[PDB]
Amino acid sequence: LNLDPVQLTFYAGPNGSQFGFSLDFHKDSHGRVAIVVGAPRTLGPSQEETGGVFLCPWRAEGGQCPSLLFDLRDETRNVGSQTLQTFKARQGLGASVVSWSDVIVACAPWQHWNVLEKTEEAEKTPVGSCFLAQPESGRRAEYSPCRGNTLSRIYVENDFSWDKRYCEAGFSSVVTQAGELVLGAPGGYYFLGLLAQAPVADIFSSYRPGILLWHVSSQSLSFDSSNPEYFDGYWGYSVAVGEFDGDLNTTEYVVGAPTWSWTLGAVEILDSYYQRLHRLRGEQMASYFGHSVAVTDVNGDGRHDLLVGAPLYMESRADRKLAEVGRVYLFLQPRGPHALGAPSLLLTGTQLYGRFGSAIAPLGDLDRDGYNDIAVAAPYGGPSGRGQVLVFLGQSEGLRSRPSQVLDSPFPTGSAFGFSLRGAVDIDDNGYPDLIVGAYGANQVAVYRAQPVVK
């Protein structure tokens, strides 16, 4: 409603770096808000794509940003009559960033790993990795829970059970208020998908450079499954957290499995022990139901509500014809211990191939009416097909069926404007929450400031 679409702020990065593929707000020790941006194709030392992370300070005019430096050299450790290897080429560092406290977590979902023992090997596979940083202090740390030292032959004998060689940890990420990092790994357990949790404080205190393989006793990974319903479901394609069991001491995880049950797609709510509390099934096959999940209380009843995006949903139209537009589902949490019923509201896209639902960002209370609001991206929507972000306002009955505001893309075609979003943070300190939008196709980030309501 009251986002300023006239005077935007534009940050930018190297060409072809996909700057803006991921972003999040970041407050230092003094509360000074910044913007961390990921560029998963930034050039490395050997003029080869390795990705990178930038930490943009707030400036109403925007501009260029400084790099948040990480180690981009391949590592090797000969130990235990084995040879450990890390390959950061094409790793995609910055394919997902998230901030908590004064710490930044940037992940490289396709960092490869291989263990050599004489003539055998564990196979070179993308286990993924996440780089953690405390910008003010300069501290650095890493977390790669899916690394292993088991050889290829062993997996074959065991029928490829508990195979964490293709996790791609960091594909999605979130951090609980308590400080527990949760990494989605849609390739874990032979493309079933796993989660991996671990306290940030324990990641830092247990990391030392060069070790490559170290223990984080307090971590907690999810479990394999012999169920064909979970096969090739990419469990962990998208992750979030919230409160869905009433007990405020526990933190519940939300996970997206967009190809679950033979591309029917689903999303499950769990506890910190990965025990499924609820499961929400896709409405249509190959709609990628679960591509993006969001948690926020939209009806102002204290209870977090769930929002799920199915970017490729094909709406039914006249003469028995289907049109890919996308869709978003709203699930309101019921009072006390009760299951989440049918979706309270269906938001369907308009622009063909627009992928309405490819991202969903809680905005907080934008118009300050007491109900939290959201922003839905259509990276290829709008009458021009350049991009579009639609703001839906909260209300007692859930959400408004129609958008209060639409943000058309200031970038050219192919910018993927809206592929990433983030809101609910007041960056200019004017009392209203603001929205940042990424456009990795144009290597830029567009900050929308929220102004007092005009009406």
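Heads up: residue numbers just count along the shown sequence, starting at 1.
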Problem set entry | Comparing 396-404 with 41-49, the one whose average Cα B-factor in the PDB entry is higher | 41-49
Problem set entry | Between 201-209 and 354-362 (mean CA B-factor, as deposited), the higher | 201-209
Problem set entry | Options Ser173, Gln91, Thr150, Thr296 - largest CA temperature factor per the record | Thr150
Exercise. Out of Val156, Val255, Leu307, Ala169, which residue has the highest Cα temperature factor in the PDB record?
Worked result: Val156
Exercise. How does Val453 rank on Cα B-factor within its chain, lowest, middle or highest third?
Worked result: highest
Seminar exercise, completed: Of the three thirds of Cα B-factor ranks in this chain, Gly31 occupies the highest
For this session: Sort the modelled residues of this chain by their C-alpha B factor and say whether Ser17 lands in the lowest, middle or highest third.
Result: middle
Seminar exercise, completed: On the chain's distribution of Cα B-factors, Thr413 falls within the third called lowest
Exercise. Taking the entry's C-alpha B-factors for this chain, is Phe191 in the lowest, middle or highest third?
Worked result: lowest
